[PDB]
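What follows is a single structure, written as structure tokens, with notes after it.
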Amino acid sequence: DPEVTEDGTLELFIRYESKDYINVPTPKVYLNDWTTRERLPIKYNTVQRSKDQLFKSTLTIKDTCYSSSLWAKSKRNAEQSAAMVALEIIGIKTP
Ligand SMILES: [Cl-]
């Protein structure tokens, strides 16, 4: 049951842990493979905020937006966490 923001973005509080994906495909890879098979448009729109220099990414798949509600220490972490939100909400099986 994701949180829904005012503009309709679907969010979950997710931190990306790179240690869980050492030498294996990352969440962005799984999500990209799925959107490629479905021919779905996918884009990441990432921002860094001035107050603490953390990052947040809004991933759009077709006309649906997903993002992590946890601001991340890096651009990569914000994008990977947003991909994990999309994977978990859509229900895409990952290892
Ligand atoms: Cl982080």
Side-chain angles (χ1 to χ4, degrees), residues 1-2 4-36 38-50 52-92 94-95:
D1 61 293
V4 179
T5 72
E6 182 61 33
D7 69 3
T9 302
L10 301 178
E11 301 196 338
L12 294 169
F13 189 87
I14 297 184
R15 186 177 302 274
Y16 173 64
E17 241 301 337
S18 57
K19 304 289 126 177
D20 293 336
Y21 302 91
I22 296 296
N23 299 153
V24 297
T26 58
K28 287 180 72 183
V29 173
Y30 291 120
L31 185 60
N32 188 254
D33 285 350
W34 182 81
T35 63
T36 299
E38 302 271 29
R39 300 301 193 204
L40 293 170
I42 177 169
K43 60 181 184 197
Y44 287 82
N45 284 320
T46 311
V47 305
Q48 182 179 22
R49 69 181 180 190
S50 296
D52 54 16
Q53 307 270 48
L54 296 182
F55 297 79
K56 179 190 174 65
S57 189
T58 292
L59 157 60
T60 304
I61 299 173
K62 195 179 161 189
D63 34 35
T64 308
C65 299
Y66 305 87
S67 185
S68 177
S69 46
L70 175 58
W71 283 75
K73 304 199 203 178
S74 68
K75 175 188 188 296
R76 174 200 79 183
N77 288 12
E79 296 181 353
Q80 293 285 2
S81 287
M84 291 172 76
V85 174
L87 291 166
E88 296 183 20
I89 295 170
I90 300 164
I92 303 161
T94 53

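Numbers here are sequence positions counted from 1. Heavy atoms only: backbone and side chains are in, while hydrogens, waters and symmetry mates are out.
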Seminar exercise, completed: Residues at least two apart in sequence or cross-chain that pass side-chain hydrogen bond (donor to acceptor under 3.5 Å, both in side chains) with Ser74, listed by chain then number, are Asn77
For this session: Please list, chain by chain and in numerical order, all residues satisfying side-chain hydrogen bond (donor to acceptor under 3.5 Å, both in side chains) with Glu79, sequence neighbours excluded.
Result: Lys28, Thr46, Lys75
Problem set entry | Separation of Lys43 NZ from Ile61 CD1 (nearest 0.5 Å) | 12.0 Å
Exercise. Which distance, rounded to the nearest 0.5 Å, do you find between the OG1 of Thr58 and the OH of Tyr44?
Worked result: 11.5 Å
Shortest non-hydrogen contact from [X] to [Y]?
{"X": "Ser69", "Y": "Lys56", "result": "CA-NZ, 4.3 Å"}
{"X": "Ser57", "Y": "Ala78", "result": "CB-O, 3.6 Å"}
{"X": "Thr35", "Y": "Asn32", "result": "OG1-O, 3.1 Å"}

For this session: Identify, with sequence neighbours excluded, every residue that meets ring pair (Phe, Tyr, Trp, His ring centres under 6.0 Å) alongside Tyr16.
Result: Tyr21
Exercise. Looking at residues at least two apart in the chain, or sitting in another chain, which of them share a ring pair (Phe, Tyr, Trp, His ring centres under 6.0 Å) with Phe55?
Worked result: none
Mind checking whether [X] and [Y] sit in one hydrophobic cluster, side chains of I, L, V, M, F, W, Y counted as touching below 4.5 Å?
{"X": "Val24", "Y": "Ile92", "value": "yes"}
{"X": "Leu40", "Y": "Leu10", "value": "yes"}
{"X": "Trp34", "Y": "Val29", "value": "no"}

Exercise. Would you call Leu59 and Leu31 a side-chain contact if the rule is heavy atoms closer than 4.5 Å?
Worked result: yes
Problem set entry | Minimum side-chain heavy-atom gap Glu11-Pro2 below 4.5 Å | no
For this session: Identify, with sequence neighbours excluded, every residue that meets side-chain contact (heavy atoms from CB on, under 4.5 Å) alongside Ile14.
Result: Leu12, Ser68, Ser81, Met84, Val85, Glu88
For this session: For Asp7, check side-chain contact (heavy atoms from CB on, under 4.5 Å) against everything at least two apart and list the hits.
Result: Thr5, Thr9
